[PDB]
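This document starts with one chain, in the form deposited in one PDB entry, laid out as structure tokens.
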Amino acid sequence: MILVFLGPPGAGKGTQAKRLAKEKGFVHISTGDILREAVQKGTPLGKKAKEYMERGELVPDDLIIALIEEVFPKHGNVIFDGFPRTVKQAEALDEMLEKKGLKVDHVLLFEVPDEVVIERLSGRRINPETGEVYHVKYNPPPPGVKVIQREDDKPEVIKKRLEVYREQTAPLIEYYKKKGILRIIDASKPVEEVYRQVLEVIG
């Protein structure tokens, strides 16, 4: 089974993908997590990607498509979390999968309004020791636990990221709807309720 989680930044895709991977054994492929690691390590990918991410822009397709080929697992169920983000990426994914005898089985669209996106992103915090993700209101870090705020979660970069989502990523809704594999998730609900909906959709 291959899943794609699609939706605006802050919708809760990483939160749900992490949970699903941990409990049900999916391979979690987060392009964001992988890129942030590349940047921190200063790899050729990381050095090239870094400034796109800093500015809230998408990293060029060729680099991301190569990254996906590098990390796609030989066996196992997969959650694509934050990939594809463009039509070209989606077309490449279909082609890659077909060569492996696979296909995207479900695309889960995490619907949330812009007001919620901003609330979610502005309050997002990370434990730099473990990578655990918190929210200042909805899931605060334990007392005494040091956390950081991503530079791309600052107000002006959130704005750009949302514009980029609407311009480049949103056309994937129709792309996958035409293939009949798009499932709607009401991502505005609490984490537990969203998770039950994810489980229901994937059966």
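Take the two forms, find the largest set of C-alpha atoms that superpose within 1.5 Å, and that set is the rigid core. Position 1 is the first residue in the sequence shown; the rest follow in order.
> Do the CA atoms of 187-195 or those of 9-17 have the higher mean B-factor in the entry?
Per the PDB entry, the higher value belongs to 187-195.
> Higher average CA B factor in the deposited record is what I'm after, so tell me if that's 139-147 or 161-169.
It is 139-147.
> Name the one of 39, 27, 58, 64 with the greatest CA B-factor according to the PDB entry.
Max CA B-factor in the entry, restricted to 39, 27, 58, 64: 39.
> What's the residue among 120, 74, 106, 85 with the greatest CA temperature factor in the PDB record?
In this record, 74 carries the highest C-alpha B-factor of the candidates.
> Relative to the other modelled residues in the chain, which third contains the C-alpha temperature factor of residue 33: lowest, middle or highest?
Lowest third, going by the recorded CA B-factors of the chain.
> Against its chain's modelled residues, does residue 129's Cα B factor rank lowest, middle or highest third?
Within its chain, residue 129 is a highest-third residue by C-alpha B-factor, going by the deposited values.
> With respect to C-alpha B-factor, does residue 93 fall in the lowest, middle or highest third of the chain as deposited?
Lowest third of the chain for residue 93's C-alpha B-factor.
> Among all modelled residues of this chain, ranked by Cα B factor, put residue 102 in the bottom, middle or top third, i.e. lowest, middle or highest.
CA B-factor rank for residue 102: middle third.
> Sorting by Cα B-factor within the chain, modelled residues only, which third would residue 68 end up in: lowest, middle or highest?
Lowest third of the chain for residue 68's C-alpha B-factor.
The next section is about a form of this same protein that is not shown, the form deposited in another entry.
> Core-aligned, does residue 104 move its Cα 2 Å or more between the shown form and the other one?
No, the C-alpha moves less than 2 Å.
> Given a core-based superposition, decide whether the C-alpha of residue 175 shifts by 2 Å or more between the shown form and the other one.
Comparing forms between the shown form and the other one, the residue 175 CA shifts below 2 Å.
> Superposed on the rigid core, does the Cα of residue 121 end up 2 angstroms or more away between the shown form and the other one?
It does shift by 2 Å or more.
> Distance change of 3 Å or more between the C-alpha atoms of residue 95 and residue 39 in that other deposited form: closer or farther compared with this structure?
Relative to the shown form, the pair is closer.
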